[PDB]
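Single chain ahead, written as structure tokens, the form deposited in one PDB entry.
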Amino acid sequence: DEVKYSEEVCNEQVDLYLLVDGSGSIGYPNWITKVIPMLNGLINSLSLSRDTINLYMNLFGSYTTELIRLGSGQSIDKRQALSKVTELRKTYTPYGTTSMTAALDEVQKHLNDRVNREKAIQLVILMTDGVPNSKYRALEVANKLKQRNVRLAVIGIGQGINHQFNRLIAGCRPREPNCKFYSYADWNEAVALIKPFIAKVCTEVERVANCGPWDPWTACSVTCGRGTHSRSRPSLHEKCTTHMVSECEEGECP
């Protein structure tokens, strides 16, 4: 048989992969005056914690650079994540080519390795001017991510933004105003864009678990008159009953 039980589903767990374009096309003035404050405002709006949002962060240029791993201090504490952005303002100048496909591939690898949290919403935030090393290769991996139920939002940054590509990889429809997946204004709009994707919403649902077949009932405790016997089974789930006791009769007692 099976067991039924109640449960609240809130979708509070989110693995958020922040992929930041650090390539030479971005432009140094833009980096300082626009990208850094974008990162600051965005990350400041994320209530990171062990049990809810966990941040991953990658910087992609000629190489991809994994800045923050899911689960670490910097993944779950907003203040620590902000320090990484500050470290970037002080010590990184954008240069080189644009490994966008490889950055997205790092997310794929998380899923493949089963490093993400299974019950966690998977959310990629791609921050780019939308001029990757290869347009087809980057669209391809993004589409692979979406077919795995990964959500993807795009934030345009840089001195020379290819909106057409950004809208395409975000999945924006033509003739449709205010795409819910792409923003290219300031941090305020990006934050609003990201909000519906990470909103905790609580519903009460019923759940079903297969408890597996019972073992045979034991022989009666007494071989005459009233007694009891029991049947057990492996716990295939936390909510599954594993033991029963019933009253049995083995005829009369002389």
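Heads up, when I say rigid core I mean the largest set of C-alphas that superpose within 1.5 Å between the two forms. Each residue number is its position in the shown sequence, starting from 1.
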message: So, looking at the entry's B-factor column for Cα atoms, which has the higher mean, 51-59 or 36-44?
response: 36-44
task: Pick between 170-178 and 150-158: the one whose mean CA B-factor in the entry is higher.
output: 170-178
field: Residue with highest C-alpha B-factor in the PDB entry, from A190, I26, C220, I198
entry: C220
- prompt: Looking at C202, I68, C211, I194, which has the highest CA B-factor as recorded?
  reply: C211
query: Should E87 be placed in the lowest, middle or highest third of its chain by the C-alpha B factor in the entry?
result: middle
query: Comparing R79 with the other modelled residues of its chain, is its CA B-factor in the lowest, middle or highest third?
result: middle
field: Among modelled residues of the same chain, the CA temperature factor third for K109
entry: middle
message: Taking only the Cα B-factors deposited for this chain, tell me whether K119 sits in the lowest, middle or highest third.
response: highest
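Separately, the form deposited in another entry exists; it is not shown, and the next lines address it.
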- prompt: Given a rigid core superposition of the two forms, which one of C220, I36, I198, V191 has its CA shift by 2 angstroms or more between this form and the one not shown?
  reply: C220
- prompt: Using the core for the fit, does the CA position of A209 change by 2 Å or more between this form and the one not shown?
  reply: yes
- prompt: Aligning on the rigid core, do we see the C-alpha of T242 shift 2 angstroms or more between this form and the one not shown?
  reply: yes
query: After a core superposition, would you say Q13 shifts its C-alpha by at least 2 Å between this form and the one not shown?
result: no
